[PDB]
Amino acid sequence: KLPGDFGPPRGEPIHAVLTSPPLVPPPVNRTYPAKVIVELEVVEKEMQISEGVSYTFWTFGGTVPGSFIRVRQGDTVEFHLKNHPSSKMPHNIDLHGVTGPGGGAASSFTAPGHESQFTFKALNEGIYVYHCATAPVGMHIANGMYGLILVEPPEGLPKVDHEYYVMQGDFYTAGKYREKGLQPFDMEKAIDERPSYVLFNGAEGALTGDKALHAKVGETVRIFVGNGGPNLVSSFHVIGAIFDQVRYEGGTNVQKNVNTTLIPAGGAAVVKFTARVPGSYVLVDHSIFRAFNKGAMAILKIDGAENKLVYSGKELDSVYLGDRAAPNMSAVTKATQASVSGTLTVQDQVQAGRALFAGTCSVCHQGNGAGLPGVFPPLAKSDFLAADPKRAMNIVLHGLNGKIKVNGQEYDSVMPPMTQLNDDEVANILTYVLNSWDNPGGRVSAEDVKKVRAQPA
C-alpha cells in the first residue's frame, strides 16, 4: 500500500477556501476523500515592510506568507496556479506535501498572465511549507514566495479554541534596517545570509499591538508555524510560556512541555499553547538580535483574570517590547510620506519621534523624560539639551560618557552609541524631545543629523 490509501475521491469536488494570515481555514470535518480544487494567484506588489519602508514583494495570494491551504490526507488535489498579468517574473510552486519531482515545480511554471495546473494525491499528513521554485530560487523565496499547506490526519486534529498562522522569513534590502524608501532586494546580503530584517508575516509589527493574536485565560491556541527562510533557522520561542506540544511536519514524534524549538529553513511545526494568566506573550526567534533588532517578534494577547498565586507581576511594557509595546507606529509612516511630499511639519516629526522614543530612549530617560536623579539625567526641561542641539545629535549617534551637569546635578555614567538609528529617526526623536516637557521647541532635520554622522565630535 501507499500511505493515504483511502480509496478514490467521493462526494462532490470541493473548491478550497484559502485564508490570509494570520487566519486558518476551518477544519475539513470530513470522513471521505475528496477532489479538492485549489486556486492560487501570484501577485507582485509594493507593500510596507516597516513604517515608511516599501519593498516589492512577490506573493502567493497577495500576502506574505501566502494563502493557507487545508486538505485531508488521501485527498486528490487539483492545483491551479495563476500569474497576475502585472507580474514581471514567471513563477511556479513546490509544495512539500506533494510526492513527485519538484513538488509540482515543472508542471506549475507560469508566465505573467498565464495559468497552469497539476494534480497530486496528498499521501502524507502534516504541516508543510510550499514556496516558489523558479530560478533564481533564493531570490523568489526572499521576496516572500512561501506559505503553508496542512494535510489533516483522517480523523482531524483535536479541537482547540483558536488556530493561527505565523511564518518567519529573512529579508535582504539594499538599505539598512529602517532606512526609508523603496528598498531593492540585495543579492549579495542574501548569498552571505546577512538579512536586514527577520519577520513574522512579512512586516515589522505585522502581529504586534493592534494586530496581535488574541485568546482568553483557559483557552487552547494552536499555531501553525512555518519558516520560509530562505536561509535562517529559527530558535522559536514563546516569552512567558511553554508549548504544551510541538510536532514538526508530519513527524510521528511529538515533544511536550518545551519552550525553545529549532525550526529548519523550509520547516514547519504545529505548536499548542494553553493560556493560564493574562498578558502579552511574545513569539520570537531567540537568536536575540533577530527578535529585538531585526523585527522577529509577534504577540499573543491573553485577556482574563490575574492569578496572583501563579504570577504576581505586571503586563509587558516598552522596557522589553520597545517601540512595539504601543498599538501601532502609524506616525512614522505619516512623517515619512510627508518628507517625500515636501510637507513635513514640526508636529509630524513630534508624533513620529514620540513613537520611536518608547523603549529606545525611555528605558533610561523614562516615558516622561524625568530620568532618575543622579543616575539617568532628565530630558524633561533639560538645560544641557537646550544649550546645544548639535551636541544632542552627536550624543545619540556617538554616545556620551564622563562627568556632566544637568539641571544642577552631576552625572558620571555612560550612554551607549545608537549609530544604528537612521538620520530621520534621530531627527524625529530629538524633535519630539525638544517639543515636550517645557523644552524650547524648534526641530532637528535628517540633513542636520547626516552632517553630524559624517563628522563626529
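Numbers for residues come from their place in the sequence shown, where the first is 1.
For the pair 343-351 and 95-103, the mean B factor over Cα atoms is greater in 343-351. Mean CA B-factor, 334-342 versus 234-242: the higher value falls on 334-342. Sorting 90, 359, 147, 267 by the CA temperature factor given in the entry leaves 359 at the top. Note on 228, 295, 251, 377: the highest value goes to 251, judged by CA B factor as recorded. The PDB entry assigns residue 70 a C-alpha temperature factor belonging to the lowest third of its chain's modelled residues. Remark: residue 445 belongs to the highest third of its chain, ranked by C-alpha B-factor as recorded. In the deposited entry, the Cα temperature factor of residue 247 sits in the middle third of values across the chain's modelled residues.
Residue-level temperature factors show residue 409 in the highest third of its chain, judged at the C-alpha atom. In the deposited entry, the Cα temperature factor of residue 388 places it in the highest third of its chain's modelled residues.
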